[PDB]
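In the form deposited in one PDB entry, a lone chain appears below as structure tokens.
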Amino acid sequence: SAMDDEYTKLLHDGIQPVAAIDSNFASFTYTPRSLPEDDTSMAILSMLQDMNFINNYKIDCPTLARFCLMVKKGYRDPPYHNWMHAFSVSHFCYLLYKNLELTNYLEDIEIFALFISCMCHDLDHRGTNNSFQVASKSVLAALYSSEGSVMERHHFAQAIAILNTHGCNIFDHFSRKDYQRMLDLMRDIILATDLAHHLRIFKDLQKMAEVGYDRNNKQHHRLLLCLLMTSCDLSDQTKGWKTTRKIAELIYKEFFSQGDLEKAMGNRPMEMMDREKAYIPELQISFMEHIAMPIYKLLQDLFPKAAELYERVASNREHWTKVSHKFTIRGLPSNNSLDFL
């Protein structure tokens, strides 16, 4: 009933101009988590319209409205891996489109697949990682653990189940070859969100940036799509310090909750998921140094206009070192009590 009325307005009221969402909506400085959640499905439509994908691919507006709502409704509400994460990852894809001239690098359909993949790439996340699915002998591991990337295979399978839901296949008028192409792209792009995949291809990403992007090289296209998706996935770290701090809070709430579950199973959590061992400033510096900063350095090497993104991640990294001293309790706790000992 609720989705029906939301559908009715999304379809019949018209698509809001993207500039009416916010004066800075298309800037790397904009924080899409600032958008009220109730406004995000209309913002998805506005972005799709502004990138001309609705007209170029003749997407049926009722199908697209239903698709967007079905995708939003396909996310659960863990602290981090929720619909607002998918919305902000999708928004960053729109930023790359508006700021970095992707049409000089990628086919139209590849850019479209990236954006749709961003919307779908964490569908039905339960707030636990791939190792946990295997350790807990979850249904998802029973399905996919022999292939790896258990959660990401599930996210892709969930996106297909939405497309296979009557009235929701935004691609169903595509040619057979274009349809196969779109779903293949979605597979590769969603599967690239496994950071284990990113780490596997990282040297090939380095090699691509070194020799220089070849628009006629099909492997360069695939590699670039993977890097862009990862850049979208981690894009929370490219905003201000306030965003980085809040996003850290959400990640560790989620992580520590999984760690609490691992302990109740008799298993030793990773220290970054153990609330009794994790030292957040050191983990955030490590994550920025070894994972986040190299990704945006690569993005800058390929796209010089992405320099500000790398400098932001580097800045946020310096902020963690500056505030680290505040995790040590000097003097007495604010209650004047040593009871916590």
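By rigid core we mean the largest C-alpha set that fits within 1.5 Å across both forms. Note that residue numbering begins at 1 and tracks the sequence as displayed. Only residues modelled in both forms are compared.
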Going by the mean C-alpha B-factor recorded in the entry, which is higher: 199 to 207 or 131 to 139? 199 to 207
With reference to the PDB entry, specify whether the mean Cα temperature factor is higher for 231 to 239 or for 153 to 161. 231 to 239
Out of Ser88, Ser175, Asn82, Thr103, which shows the largest CA B-factor listed in the entry? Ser175
Quick check on the deposited entry: does the C-alpha B-factor of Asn267 sit in the lowest, middle or highest third of its chain? highest
How does the C-alpha B factor of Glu110 compare with the rest of the chain: lowest, middle or highest third? lowest
Third of the chain, ranked by Cα B-factor, where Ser46 sits: middle
Against its chain's modelled residues, does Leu261's Cα B factor rank lowest, middle or highest third? highest
Quick one: classify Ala307 as lowest, middle or highest third of the chain based on its Cα B-factor. highest
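The form deposited in another entry exists for this protein as well; it is not shown, and the discussion that follows is about that form.
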Determine, with the core as the superposition reference, the one member of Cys118, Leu96, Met151, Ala192 that shifts its CA by 2 Å or more between this form and the one not shown. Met151
Once the core is superposed between this form and the one not shown, does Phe132 show a C-alpha displacement of at least 2 Å? yes
Once the core is superposed between this form and the one not shown, does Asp38 show a C-alpha displacement of at least 2 Å? no
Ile201: Cα shift of 2 Å or greater between this form and the one not shown (core-aligned): no
Did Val150 and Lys72 drift closer or farther in that other deposited form, going by a CA distance change of 3 angstroms or more? farther
Comparison of CA distance in that other deposited form with shown form for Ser145, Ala192, at least 3 Å: closer
Rigid core superposed, please list the runs of 3+ consecutive shared residues whose C-alphas all move by 2 Å or more between this form and the one not shown. 124 to 153, 261 to 265, 270 to 278
